[PDB]
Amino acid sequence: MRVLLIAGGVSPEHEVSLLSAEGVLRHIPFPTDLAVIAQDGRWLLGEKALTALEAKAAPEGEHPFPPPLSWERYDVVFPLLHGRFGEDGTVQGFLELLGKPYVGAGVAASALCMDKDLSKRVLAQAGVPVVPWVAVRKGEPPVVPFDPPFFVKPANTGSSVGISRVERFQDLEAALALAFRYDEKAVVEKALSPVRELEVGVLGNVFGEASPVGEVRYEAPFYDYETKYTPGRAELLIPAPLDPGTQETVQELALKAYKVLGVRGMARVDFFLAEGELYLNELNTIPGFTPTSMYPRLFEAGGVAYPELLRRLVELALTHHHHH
């Protein structure tokens, strides 16, 4: 049994992916090799991948895709990549062609959960409450059916990259131009203020089990890019202070969203809490995975130790590939 861990990625969440791989490597209970996708799109292997992990960044790689790995060495691949090309289904598609088991959601579930427009379409169709939104495509003029404040995002983004809070219609065009540097499609959502941000972990194939519910607090107006990964700037409350009926409704909707979207392996489901109004914000199929990230600490509070969590993710991938 040997696992291949792929980290880094060309996405704007590259350094975030390397921080998650350091924690995974220290505690994974399987013999594990590291592959690092550098920012330039080329791969680092062996010692050079380890050296990039210490340097916490990988601007330039050595091997172009596909890299000269013996894929039959590995029984499972752990795609620990955040953002574009990582959790949007593209790497998962390659691993499917390769006939190789891998941790996390499949091609369709990965792509769906990374698209903030299409995931909201499927979720709303299933009766899952989401924020009122509209899609905007490059070139086509925006037609927002509601009034500011807005949150303008690229449709496929992570770590709040490219997201603006817009207060007036005059500031919309600049928020659209920013968002379109990262995607051909943007979403314009109605802003919730004030908002409490709740996050819950799911584990399992399609029919998952939920962790305790946690909460994120911060000083900035919203959970922006600078706040997210600057250590200490964020604040994780586990478990979140909620009425028992609210906690259950959150775990409820997360498992329903998980099942409808056909998610595999894991996902951190994130919610908004207005006053008592719950909205499902997004699903993240490759959450941050440092020993102190929300997802591991949530299941830590649920009786699943970090090494045991990693063990169960790998076996879930083996179970789906060789039996489903």
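Position 1 is the first residue in the sequence shown; the rest follow in order. What we label the rigid core is the largest C-alpha set whose atoms superpose within 1.5 Å from one form to the other.
- Superposing the other copies on the rigid core and comparing 145 to 153 to 192 to 200, farther C-alpha placement in 8 other deposited structures of this protein marks 145 to 153.
- Greater average departure of CA atoms from the shown form, over structures and residues in 8 other deposited structures of this protein after a core fit, characterises 7 to 15 among 307 to 315 and 7 to 15.
- Among the other PDB entries of this protein that were compared and that flank it with modelled residues, residue 251 is modelled in all, so it is never left out in a third of them.
- Annotation: residue 92 does not belong to the positions left without coordinates in a third of the other compared entries; each one with flanking residues models it.
- For the pair 52 to 60 and 260 to 268, the mean B factor over Cα atoms is greater in 52 to 60.
- Mean C-alpha B-factor is higher over 231 to 239 than over the other stretch, the pair under comparison being 231 to 239 and 246 to 254.
- Among 74, 225, 78, 133, the highest C-alpha B-factor recorded in the PDB entry belongs to 225.
- For the set 117, 171, 199, 189, the maximum C-alpha B-factor listed in the entry falls on 171.
- Residue 309: CA B factor in the lowest third of modelled residues in this chain (values from the PDB entry).
- Ranked by Cα temperature factor within the chain, residue 144 sits in the highest third according to the deposited record.
- The entry lists a Cα temperature factor for residue 219 that places it in the highest third of the chain's modelled residues.
- Per-chain ranking of the deposited C-alpha B factor places residue 282 in the lowest third.
- Annotation for residue 298: CA B-factor lies in the middle third of the chain's modelled residues.
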